[PDB]
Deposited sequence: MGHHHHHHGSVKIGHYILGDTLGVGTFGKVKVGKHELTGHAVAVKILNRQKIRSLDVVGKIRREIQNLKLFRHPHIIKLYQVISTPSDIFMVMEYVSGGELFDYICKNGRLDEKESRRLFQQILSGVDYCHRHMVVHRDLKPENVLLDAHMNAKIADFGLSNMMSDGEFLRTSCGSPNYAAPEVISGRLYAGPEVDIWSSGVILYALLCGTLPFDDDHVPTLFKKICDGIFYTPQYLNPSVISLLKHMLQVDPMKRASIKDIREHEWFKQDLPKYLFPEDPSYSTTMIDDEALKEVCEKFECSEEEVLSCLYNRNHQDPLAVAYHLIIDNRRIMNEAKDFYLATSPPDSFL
């Protein structure tokens, strides 16, 4: 046999530059997996700025239903083994080329799954990596699966289509913004079976992408079209954020609870009326302006810093003045 750890290796599923991907099965539980074998020698001869060494030590063991799981990593003197979730689905966009567009309900279900993984990635990844639809798969059960968990898509080998406006240009971007735009063309591809901007050659293609105007099939209700317009904003400052999509009526319909974490937000019952009023007075602003910061966790805003100074230095203690610790702290 070919055996590493608790896993017995099998047929070769594909070959990369740095090694092959063999099918495997846990010797005890019998579950099937996909094991990527990276050869230390091949890596050493290639990775001279330490990029790959780096990408590998940035991996985490991802448990999310819609991202390919990295169950664990096993090391040997000459090799490194990555035991992953086995997914035989092929690309999602390949399914769309074959089957055509899907119905609203299957589009929404899948879209909610994909967006669930993207959000999870934003939270837990050492370094950001752009969402690529080629890396979106669908397993035997018709479930979305993100192929790239921080090392390249090992699953698939062998485009003429999408790029975000900031990306087509030489412009600097954060990447959740472009993930939204990317997630926009995916959602569109699901409902329509086409890309929102597919023009024939390169000059006219990336031209309309900057225009932002896209065709709207008749069977698209104005609710999903409003969402699609917001996600596809050419101006990243005007573009929808994950929270925007999360609060959109079209998206929220039949949304499974387990998908997104229950993030504690700011509640009206926390509000300190005296402090709110003091700030609005000492500044020029209105309550909406200050409340907006508290609800959106805009804590570095001079209004929020002031409000917090008043809360923390109250002599009498309140039940709702303590939302501080449950939260993570932000960075500068």
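No alpha-carbon coordinates exist for the deposited sequence positions 1-9, 168-175, 350-351, given here in order along the chain.
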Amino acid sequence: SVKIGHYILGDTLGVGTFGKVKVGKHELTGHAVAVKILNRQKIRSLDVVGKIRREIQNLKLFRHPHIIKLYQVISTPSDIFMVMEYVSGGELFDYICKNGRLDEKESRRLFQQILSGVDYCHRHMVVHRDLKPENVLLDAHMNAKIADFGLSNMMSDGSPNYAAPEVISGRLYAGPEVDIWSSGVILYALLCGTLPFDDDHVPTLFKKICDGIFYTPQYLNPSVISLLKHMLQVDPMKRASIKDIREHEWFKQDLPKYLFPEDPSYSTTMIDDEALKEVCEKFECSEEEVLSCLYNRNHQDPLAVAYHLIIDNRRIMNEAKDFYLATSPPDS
From here on, numbers count along this sequence of modelled residues.
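Look at the C-alpha B-factors of 160-168 and of 140-148. On average they run higher in 160-168.
Relative to one another, 36-44 and 259-267 have unequal mean CA B-factors, and 259-267 is the one with the higher figure. Comparing C-alpha B-factors across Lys277, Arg63, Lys51, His299 in the deposited entry, the largest value falls on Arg63.
Out of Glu249, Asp235, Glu85, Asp119, it is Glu249 whose C-alpha atom has the highest B-factor in the PDB entry.
Per the PDB record, residue ranking by Cα B-factor puts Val21 in the middle third of the chain. Placement of the Cα temperature factor of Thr12 within the chain: middle third of the modelled residues, per the deposited record. Ranked against the other modelled residues of its chain, the C-alpha B-factor of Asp179 as given in the entry falls in the lowest third. For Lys208, the recorded CA temperature factor ranks within the highest third of the chain's modelled residues. In the PDB entry, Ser75 places in the lowest third of its chain by CA B-factor.
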